[PDB]
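Q: Questions regarding the structure given below will be posed in turn.
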Amino acid sequence: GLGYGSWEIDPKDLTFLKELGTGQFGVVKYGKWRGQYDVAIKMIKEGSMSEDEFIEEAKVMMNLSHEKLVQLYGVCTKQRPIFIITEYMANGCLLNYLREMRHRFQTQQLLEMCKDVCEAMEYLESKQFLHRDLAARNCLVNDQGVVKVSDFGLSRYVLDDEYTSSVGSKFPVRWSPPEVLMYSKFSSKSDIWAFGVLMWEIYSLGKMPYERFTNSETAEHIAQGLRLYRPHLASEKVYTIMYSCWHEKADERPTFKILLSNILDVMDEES
Ligand SMILES: NC(=O)c1ccc(NC2CCCCC2)nc1
């Protein structure tokens with residue numbers, strides 16, 4: 001209503017129900033909007049985000065809508081901390097979900113998680129929108145077991161320089177292609193590379209990529225042309241798909257449309 005733009009939610013419409021955890025920007029809670037609608041509420045710690053830039057970008061994110069993309073519902077920016085209001089994902093972070101061995105996943109379920117993410121990324125690619133930090137830690141799982149891509153583009157607004165460049169202690173070295181580590185060249189093809197690593201994370205049930213190496217050692221390994229190798233649960237065909245994401249030459253890496261086709265083909269053959 002009065003005083004709120006289309007990208008703005010009235011925080012008074014929120015009912016807080018459960019604490020879900022704390023991440024980069026701070027706490028995330030489960031709640032309801034206007035009594036009935038499930039939402040997640042991301043409370044953005046003061047000093048952690050370039051807030052004016054993020055708010056302008058939220059207007060763009062409002063228009064991104066895909067079944068495999070965690071939906072942005074709006075922002076609460078009239079006070080601090082500001083809130084980001086999103087779709088609720090009852091089963092939490094993908095990385096944690098993978099690591100719970102009780103699920104006893106079939107490989108068909110693992111491939112479906114990859115397809116979920118690939119569909120979201122194909123959609124983002126169709127909108128010329130880069131994720132910029134794709135990884136299992138940035139995917140979420142709903143009550144139906146569907147994986148969705150989360151926090152797309154949000155790394156652009158992080159003020160902690162330890163996260164923001166390779167010269168940083170918290171940069172996602174293990175999800176970055178050589179041209180990012182060497183020259184900071186981000187593109188659709190750096191998202192493609194990251195997606196391959198995410199496939200590896202899924203098929204590895206949430207192991208850390210290059211688990212015996214430091215970040216520094218990982219950068220040397222990949223810049224020297226070496227790669228992750230095949231997770232035990234990945235068939236040859238699945239391995240071929242993730243490996244294709246890691247061509248040294250960015251322009252030899254597939255698009256998300258091509259990866260989706262390849263994933264569907266393997267589903268059909270492995271079903
Ligand atoms: N959209 C959601 O429902 C939702 C659910 C859990 C969650 N967990 C985060 C994992 C990393 C630490 C902070 C909590 N983040 C978002």
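By order in the structure tokens, chains are A, B, ...; within a chain, residues start at 1; ligands start at 1, following the order shown.
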Show me, as an MDAnalysis selection string, the residues that have an atom within 10 Å of range 213-221 of chain A when counting only C-alpha atoms, minus same-chain residues fewer than 3 positions from it.
A: chainID A and resid 166 169:178 181:182 208:210 224:228
Q: Could you give me the residues within 8 Å of ligand 1, counting only C-alpha atoms and all ligand atoms, as a PyMOL selection string?
A: chain A and resi 20-24+26-30+39-42+70+86-93+137+140-142+150
Q: Just to be explicit: take each residue in the selection above, keep N, CA and C atoms, and write the result as a short mmCIF file (atom, residue, chain, number, x, y, z; two decimals), in the first residue's frame.
A:
data_model
loop_
_atom_site.label_atom_id
_atom_site.label_comp_id
_atom_site.auth_asym_id
_atom_site.auth_seq_id
_atom_site.Cartn_x
_atom_site.Cartn_y
_atom_site.Cartn_z
N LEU A 20 16.30 -20.56 11.21
CA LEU A 20 16.78 -21.58 10.28
C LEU A 20 18.30 -21.70 10.30
N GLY A 21 18.97 -20.62 10.68
CA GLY A 21 20.42 -20.64 10.77
C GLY A 21 21.00 -19.28 10.49
N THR A 22 22.33 -19.20 10.51
CA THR A 22 23.02 -17.96 10.25
C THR A 22 24.04 -18.15 9.14
N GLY A 23 24.03 -17.24 8.18
CA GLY A 23 24.99 -17.27 7.10
C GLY A 23 25.76 -15.97 7.01
N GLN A 24 26.31 -15.74 5.83
CA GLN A 24 27.13 -14.57 5.54
C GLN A 24 26.55 -13.26 6.08
N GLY A 26 23.91 -12.88 7.92
CA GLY A 26 23.31 -13.03 9.22
C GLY A 26 22.22 -14.07 9.22
N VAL A 27 21.25 -13.86 10.10
CA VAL A 27 20.27 -14.87 10.42
C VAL A 27 19.20 -14.99 9.34
N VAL A 28 18.68 -16.21 9.21
CA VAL A 28 17.57 -16.50 8.31
C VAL A 28 16.49 -17.16 9.16
N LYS A 29 15.26 -16.68 9.01
CA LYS A 29 14.14 -17.22 9.77
C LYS A 29 13.03 -17.70 8.85
N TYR A 30 12.27 -18.68 9.33
CA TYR A 30 11.03 -19.10 8.70
C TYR A 30 9.88 -18.32 9.31
N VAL A 39 7.22 -18.00 4.13
CA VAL A 39 8.35 -17.25 3.60
C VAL A 39 9.60 -17.54 4.42
N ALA A 40 10.75 -17.30 3.80
CA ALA A 40 12.01 -17.16 4.53
C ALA A 40 12.34 -15.68 4.62
N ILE A 41 12.91 -15.29 5.75
CA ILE A 41 13.25 -13.91 6.02
C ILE A 41 14.74 -13.84 6.31
N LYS A 42 15.48 -13.25 5.38
CA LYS A 42 16.93 -13.08 5.50
C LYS A 42 17.21 -11.72 6.11
N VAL A 70 14.81 -20.08 -6.42
CA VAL A 70 14.18 -19.62 -5.19
C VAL A 70 13.61 -18.22 -5.44
N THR A 86 11.89 -14.37 0.78
CA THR A 86 11.95 -15.34 -0.31
C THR A 86 11.04 -16.52 -0.06
N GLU A 87 10.92 -17.34 -1.09
CA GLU A 87 10.31 -18.63 -1.01
C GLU A 87 10.93 -19.44 0.12
N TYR A 88 10.10 -20.23 0.80
CA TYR A 88 10.53 -21.09 1.88
C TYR A 88 10.89 -22.48 1.36
N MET A 89 12.03 -22.97 1.84
CA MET A 89 12.61 -24.23 1.39
C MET A 89 12.85 -25.10 2.63
N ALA A 90 11.89 -25.97 2.91
CA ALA A 90 11.79 -26.60 4.22
C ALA A 90 12.93 -27.55 4.55
N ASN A 91 13.58 -28.10 3.53
CA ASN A 91 14.67 -29.04 3.77
C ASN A 91 16.06 -28.43 3.74
N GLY A 92 16.13 -27.11 3.63
CA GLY A 92 17.37 -26.41 3.92
C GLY A 92 18.43 -26.48 2.83
N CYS A 93 19.67 -26.26 3.25
CA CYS A 93 20.79 -26.18 2.34
C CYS A 93 21.09 -27.52 1.64
N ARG A 137 26.33 -25.06 -1.58
CA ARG A 137 26.03 -24.24 -0.40
C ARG A 137 25.04 -23.12 -0.74
N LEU A 140 19.07 -24.78 -2.31
CA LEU A 140 18.17 -25.15 -1.23
C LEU A 140 17.23 -26.27 -1.67
N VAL A 141 16.60 -26.94 -0.71
CA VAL A 141 15.77 -28.10 -0.99
C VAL A 141 14.40 -27.89 -0.34
N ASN A 142 13.32 -28.08 -1.10
CA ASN A 142 11.99 -27.89 -0.51
C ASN A 142 11.43 -29.18 0.07
N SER A 150 19.68 -20.53 -5.29
CA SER A 150 19.46 -19.47 -4.32
C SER A 150 20.53 -18.38 -4.43
#
Q: Give me, as a tab-separated table, the closest atom pair and its distance (Å, one decimal) for every residue of range 17-68 of chain A within a cut-off of 12 Å of range 5-10 of chain A, counting only C-alpha atoms, rows sorted by chain and rising number.
A:
residue	atom	partner	partner_atom	distance
A:33	CA	A:9	CA	9.3
A:34	CA	A:10	CA	9.8
A:39	CA	A:9	CA	11.7
A:41	CA	A:9	CA	11.0
A:54	CA	A:7	CA	11.7
A:55	CA	A:7	CA	8.6
A:56	CA	A:7	CA	9.4
A:57	CA	A:7	CA	10.1
A:58	CA	A:7	CA	7.0
A:59	CA	A:7	CA	6.0
A:60	CA	A:7	CA	9.3
A:61	CA	A:7	CA	9.4
A:62	CA	A:7	CA	6.8
A:63	CA	A:7	CA	9.9
Q: Filtering to C-alpha atoms, could you give me those residues as an mmCIF file, in the first residue's frame?
A:
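Once everything was written out, this is again07.cif:
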data_model
loop_
_atom_site.group_PDB
_atom_site.id
_atom_site.type_symbol
_atom_site.label_atom_id
_atom_site.label_comp_id
_atom_site.auth_asym_id
_atom_site.auth_seq_id
_atom_site.Cartn_x
_atom_site.Cartn_y
_atom_site.Cartn_z
ATOM 1 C CA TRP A 33 3.332 -13.348 5.371
ATOM 2 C CA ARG A 34 -0.164 -12.033 6.110
ATOM 3 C CA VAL A 39 8.353 -17.252 3.598
ATOM 4 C CA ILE A 41 13.249 -13.907 6.023
ATOM 5 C CA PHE A 54 21.236 -4.430 -3.869
ATOM 6 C CA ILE A 55 17.860 -2.697 -3.557
ATOM 7 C CA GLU A 56 18.027 -1.432 -7.144
ATOM 8 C CA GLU A 57 19.020 -4.939 -8.279
ATOM 9 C CA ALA A 58 16.135 -6.459 -6.272
ATOM 10 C CA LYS A 59 13.820 -4.784 -8.774
ATOM 11 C CA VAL A 60 15.436 -6.910 -11.500
ATOM 12 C CA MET A 61 15.450 -10.057 -9.393
ATOM 13 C CA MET A 62 11.681 -9.547 -8.776
ATOM 14 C CA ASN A 63 11.144 -10.340 -12.450
#
Q: Enumerate the residues of range 128-265 of chain A with a DSSP assignment of strand (DSSP E), computed from the backbone, and present them as a list in words.
A: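 After running DSSP on the backbone, range 128-265 of chain A has strand (DSSP E) at residues 139, 140, 141, 147, 148 and 149 of chain A.
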Q: Between A:144, A:79, A:155, A:65, which one has atoms that come closest to residue 120 in chain A, using only C-alpha atoms?
A: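 Using only C-alpha atoms, the shortest distance to residue 120 in chain A belongs to A:65.
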Q: For residue 188 in chain A, find every residue with an atom within 9 Å (counting only C-alpha atoms), except residues of its own chain fewer than 6 positions away, and show them as a list in words.
A: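 The filter keeps residues 125, 128, 129, 130, 131, 132 and 255 of chain A.
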